[PDB]
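Here is the structure we will look at.
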Amino acid sequence: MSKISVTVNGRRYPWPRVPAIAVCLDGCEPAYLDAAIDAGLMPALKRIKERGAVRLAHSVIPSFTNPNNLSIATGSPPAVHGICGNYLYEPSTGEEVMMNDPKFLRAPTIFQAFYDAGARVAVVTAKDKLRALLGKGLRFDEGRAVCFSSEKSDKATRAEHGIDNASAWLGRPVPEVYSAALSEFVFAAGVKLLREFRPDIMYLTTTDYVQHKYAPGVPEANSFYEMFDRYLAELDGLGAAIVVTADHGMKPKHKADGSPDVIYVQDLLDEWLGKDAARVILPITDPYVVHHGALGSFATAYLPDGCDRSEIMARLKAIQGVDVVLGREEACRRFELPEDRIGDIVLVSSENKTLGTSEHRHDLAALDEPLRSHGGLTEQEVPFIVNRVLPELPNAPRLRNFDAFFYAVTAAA
Ligand SMILES: [Zn+2]
Ligand SMILES: [Zn+2]
């Protein structure tokens, strides 16, 4: 007998004999898990690590939420699936268009591929803007798919999500968006789906609310992972093959006085090339956000026609805190990004700095806590832990977070 598989974006996924789950712990710098385990708070993960496979993996650059979640969902980098940031910029018109509609996704998800092959598939997200992207191609007319967010759980319908009111079903209220509870709801839904829906493939993805606010080992960070471990214990006990990974890590990005350490790339370009001659794009969030949540460690810039790219790149690279400056072609090759959705140049900042646009009009500091963020090479390293024995599993840099489902189904097969 030949083995059964589903081929997605040029990769062969064996059919899972038991449920295959990947958990994306948004912003889970490996240190978070080490600290919580050391504090005695994660007995399930501690045992799972001892008996299974423990690795570090590499995220996609930019180490942001959307590109990495869609990489995990498709098993491919953004050069394939097209989601390389939260929005794209069109030099003509000067328009910034949001990249939340599934129409922007250019490759099928593993979820759709398994669904079309007759599998039962579940996808649960914390925030809703990722739900439609991750659910692209799923259908809800055969009782074989469920896709909803914690955020909009009370709005789920049979026809569009595979479930009527996931909040009522789970018996928990819709959580506050800016809370740990938004992610707890995902874990709880995942457990109930594993028990009652019995998916062949399931993805659970959280938000990095806690991780932006709290460093590894502090009480509020530890409590989040203590909470997660309870659900991990239950998922594991139910017999599923599980990969625990992250979309990206998290690092402090503040000066000694606790204020954000920012390089204002638009200001610099306005001086060298002329005001607004170039356009700096910050992929981390939506462009209308102006409250410190727009500060990440990766940026791209669209330059005026004719200007010396090579010279501008050297001027930027010379600045202490700007670690990497690459042209479109090199950046897309190295970071596996689509040329048509990236600027003329790509910038990556140092470990404890972020990239901003301008000081004129400025980006206001909202929350009190010292800035923590991601986007750079220094948040590329993430945990990759499997609750099965897998001696052949690679390690970073060869192992990618978007190998999660490949190895989850392999473990399950
Ligand atoms: Zn994230
Ligand atoms: Zn974040």
Side-chain angles (χ1 to χ4, degrees), residues 22-33 57-73 77-78 81 83-87 99-100 123-131 133-134 149-151 177-180 182-183 186-187 203-216 220-221 224-225 228 244-254 260 262 282-287 289 291-299 348-349 351-356 363 366-367 369-384 400-402 404:
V23 180
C24 177
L25 299 177
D26 202 319
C28 192
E29 184 79 353
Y32 282 112
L33 299 179
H58 275 189
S59 80
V60 162
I61 304 303
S63 55
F64 292 139
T65 298
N66 292 36
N68 280 96
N69 273 92
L70 271 298
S71 294
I72 293 162
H81 62 71
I83 308 300
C84 59
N86 285 358
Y87 67 104
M99 207 116 80
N100 28 41
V123 175
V124 188
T125 71
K127 278 278 268 289
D128 193 63
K129 66 99 154 47
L130 187 51
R131 194 277 307 160
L133 271 161
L134 292 176
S149 68
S150 307
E151 182 179 3
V177 171
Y178 296 105
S179 74
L182 199 75
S183 297
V186 176
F187 303 143
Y203 189 48
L204 305 174
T205 188
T206 59
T207 82
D208 59 2
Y209 170 78
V210 166
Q211 297 71 26
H212 275 284
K213 286 178 67 76
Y214 302 108
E220 297 83 358
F224 181 88
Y225 295 100
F228 166 62
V244 176
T245 193
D247 58 346
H248 54 78
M250 190 74 67
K251 289 290 207 297
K253 308 284 183 181
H254 44 87
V262 189
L282 309 171
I284 186 166
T285 190
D286 293 328
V289 182
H291 289 276
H292 86 274
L295 294 173
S297 293
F298 177 104
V348 190
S349 66
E351 193 177 336
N352 302 125
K353 293 187 188 173
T354 54
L355 299 166
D363 195 296
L367 291 162
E369 75 272 326
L371 183 66
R372 301 176 51 74
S373 205
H374 49 98
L377 298 164
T378 51
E379 303 80 44
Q380 184 173 31
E381 180 186 277
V382 297
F384 193 111
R400 309 303 297 278
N401 58 352
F402 62 86

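Count residues from 1 along the sequence. Atoms within a ligand are numbered from 1 in the order they appear, just like the ligands themselves. Both backbone and side-chain heavy atoms feed into the values below; hydrogens, waters and symmetry mates do not.
Here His212 meets the criterion, with an N, O or S atom under 2.8 Å of the Zn ion (ligand 2). When distances to the Zn ion (ligand 1) are checked against a cut-off of 2.8 Å, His374 contributes no N, O or S atom below that limit. Not a single N/O/S atom of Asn69, whether from backbone or side chain, sits less than 2.8 Å from the Zn ion (ligand 1). Within the 2.8 Å limit, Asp26 places no N, O or S atom next to the Zn ion (ligand 2).
Ring-centre distance between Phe64 and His374: below the 6.0 Å cut-off.
Contact check on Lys213 versus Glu369 returns a salt bridge, with a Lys/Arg side-chain nitrogen under 4.0 Å from an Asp/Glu carboxylate oxygen. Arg372 and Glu29 are not joined by a salt bridge, as no carboxylate oxygen comes within less than 4.0 angstrom of a charged side-chain nitrogen.
With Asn100 contributing its side chain and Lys129 its backbone, the two residues share no donor-acceptor pair below 3.5 Å. Remark: side-chain polar atoms of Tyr87 are paired, donor with acceptor, to backbone N or O of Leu282 under 3.5 angstrom.
Around the Zn ion (ligand 1), the two atoms NE2 of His248 and OG1 of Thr65 are separated by an angle of 110°, to 10 degrees.
Because its NZ or CZ atom is both nearer than 6.0 Å to the ring centre of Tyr178 and within 45° of the ring axis, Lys127 counts as a cation-pi partner of that residue.
The nearest N/O/S atom of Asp247 to the Zn ion (ligand 1) is OD2. Distances from the Zn ion (ligand 2) to the N/O/S atoms of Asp208 are shortest for OD2.
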